[PDB]
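Residue numbers start at 1 and run along the sequence shown. FYI, side chains are in, hydrogens and waters are out, and symmetry mates aren't considered; it's all heavy atoms of this structure.
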Amino acid sequence: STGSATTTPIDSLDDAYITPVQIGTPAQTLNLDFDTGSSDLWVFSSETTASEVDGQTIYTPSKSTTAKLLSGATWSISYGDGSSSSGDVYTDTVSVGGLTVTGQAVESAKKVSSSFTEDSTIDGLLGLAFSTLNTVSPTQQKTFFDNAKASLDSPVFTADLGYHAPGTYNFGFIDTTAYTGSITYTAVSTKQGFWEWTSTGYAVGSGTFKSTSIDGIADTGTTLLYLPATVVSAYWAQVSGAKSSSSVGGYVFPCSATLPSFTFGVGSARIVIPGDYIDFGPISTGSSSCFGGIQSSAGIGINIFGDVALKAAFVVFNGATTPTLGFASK
Ligand code: NA
């Protein structure tokens, strides 16, 4: 089997992407944030504290003839941005882009943190990291990918995120029309439960490529590119008037600037992030200070190849016995 679903930016900045997901019988379609940096499929629901719901579509398990309470199971998750959610668990039928899993753990939120409530466009998350990170207790649950895997034509999924445009998540096949050149595959460590890999270096604009190992994770659920402070300083030094602002919480730059590109290495291959991808717009409405899309990972304890990086590539998440990542230009 295969599946193919379109993913759509939630706003003009590509702050996140949402993908429609069918849950239950009859289907309830929720728009979920596919997150290769976590392993829980959780949803706003009929159980979510009413004051914490503001415009999201909810899953109502009592209206699904295939929903079953997973007795005694609870979940609770905290993300890198400080947000969190928790609740109880149902199993139900979940379909993505025509690919169906029966008996998927659907984590129903009783509580969500303010950043979730305030984002009316995201109805929950669908985790695509390794199932070792799933938070369900006392019986850990499998991701949608892990439950689908054995049925797929190939044990893979691909992320093809758009710049200010829709893109695609495919399950079970490579769309050879969706990228240019060849796919470069690189090793993955699953030791932290992430799609963790090592970039071979970087370049700023038309500058020379610096060969250096950068360990980090491919994380579709993170907006920005978080890299070591040395790399990030080297990038923003090429933008007149850019500075790190402790008050704003990262590098800012004059909105009048034209940003240089950023290249990262994948083995001997190179992915180029156009400068425009690095502009996250005014820090507050009407400001002439703009927020940068490349930020320091110092204090986060891992480098994160978030959407700024991934949307410059066609990315293969290869879930074979030994997982690997693939990157192609597009
Ligand atoms: Na921000």
Side-chain angles (χ1 to χ4, degrees), residues 7 10-11 15-24 28-62 64 67 69-92 94 96 101 104-109 112-141 143-147 169 192-194 217 219-224 300-302 304 306-307:
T7 194
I10 65 164
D11 64 21
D15 283 314
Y17 298 81
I18 49 174
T19 309
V21 177
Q22 284 70 48
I23 311 179
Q28 301 178 38
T29 300
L30 274 66
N31 296 328
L32 304 187
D33 184 353
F34 283 23
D35 181 11
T36 63
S38 69
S39 307
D40 287 50
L41 192 175
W42 72 260
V43 294
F44 280 78
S45 76
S46 61
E47 301 181 329
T48 308
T49 301
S51 62
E52 297 183 349
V53 182
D54 187 5
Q56 294 82 9
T57 295
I58 64 165
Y59 169 59
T60 302
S62 64
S64 174
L69 179 73
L70 184 63
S71 185
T74 63
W75 65 279
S76 182
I77 194 163
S78 304
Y79 297 104
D81 65 355
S83 67
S84 62
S85 55
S86 63
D88 62 9
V89 187
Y90 294 79
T91 57
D92 209 342
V94 172
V96 176
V101 167
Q104 175 62 48
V106 177
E107 302 173 33
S108 166
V112 302
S113 66
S114 62
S115 58
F116 289 115
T117 299
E118 290 163 1
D119 183 4
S120 62
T121 70
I122 290 177
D123 304 323
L125 268 66
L126 188 149
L128 293 168
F130 293 87
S131 293
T132 58
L133 296 179
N134 176 266
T135 78
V136 178
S137 179
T139 306
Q140 187 172 62
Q141 301 294 304
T143 71
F144 174 82
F145 177 56
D146 207 350
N147 282 322
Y169 284 101
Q192 298 191 82
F194 300 122
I217 65 167
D219 184 0
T220 57
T222 293
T223 316
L224 306 186
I300 300 168
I302 202 160
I304 306 173
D307 299 333

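Remark: side-chain polar atoms of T117 are not paired, donor with acceptor, to backbone N or O of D54 under 3.5 angstrom. Under the 3.5 Å distance criterion, the side-chain polar atoms of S76 are left unmatched by any main-chain donor or acceptor of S86.
A donor atom on one side chain and an acceptor atom on the other are found under 3.5 Å apart for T7 and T19. For the residue pair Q141/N134, the side-chain donor-acceptor check at 3.5 Å is not satisfied.
A 4.5 Å side-chain heavy-atom check between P61 and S46 finds at least one atom pair inside the cut-off. With contacts defined as side-chain heavy-atom distances shorter than 4.5 Å, the pair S85/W75 qualifies. Contact check for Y59 versus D92: side-chain heavy atoms found under the 4.5 Å cut-off. When side chains are defined from C-beta on, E107 counts as touching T135, because their heavy atoms get closer than 4.5 Å. Counting heavy atoms from C-beta on, the side chains of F194 and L133 come closer than 4.5 Å. Looking at heavy atoms from C-beta onward, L32 lies in side-chain contact with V43 at the 4.5 angstrom threshold. Using a 4.5 Å cut-off on side-chain heavy atoms (C-beta onward), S131 and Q140 make no contact.
Under the side chain to side chain donor-acceptor pair (under 3.5 Å) criterion, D11 pairs with no residue at all, not counting sequence neighbours. Residues satisfying the side-chain contact (heavy atoms from CB on, under 4.5 Å) test with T223, not counting sequence neighbours, are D15, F280. Shown here are the side-chain contact (heavy atoms from CB on, under 4.5 Å) partners of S120, two or more places apart in sequence or in another chain: there are none. When the side-chain contact (heavy atoms from CB on, under 4.5 Å) test is applied to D35, the partners found at least two apart in sequence or on another chain are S38, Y79, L125, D219. In this structure, the side-chain contact (heavy atoms from CB on, under 4.5 Å) partners of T57, at least two apart in sequence or on a different chain, are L30, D123. Partners of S78 under the side chain to side chain donor-acceptor pair (under 3.5 Å) rule, at least two apart in sequence or in another chain, do not exist in this structure.
Tested against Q104, the residues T143, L41, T91 include a single side-chain contact (heavy atoms from CB on, under 4.5 Å) partner, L41.
Considering all non-hydrogen atoms of both residues, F44 and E52 come closest at CE2-O, 3.6 Å.
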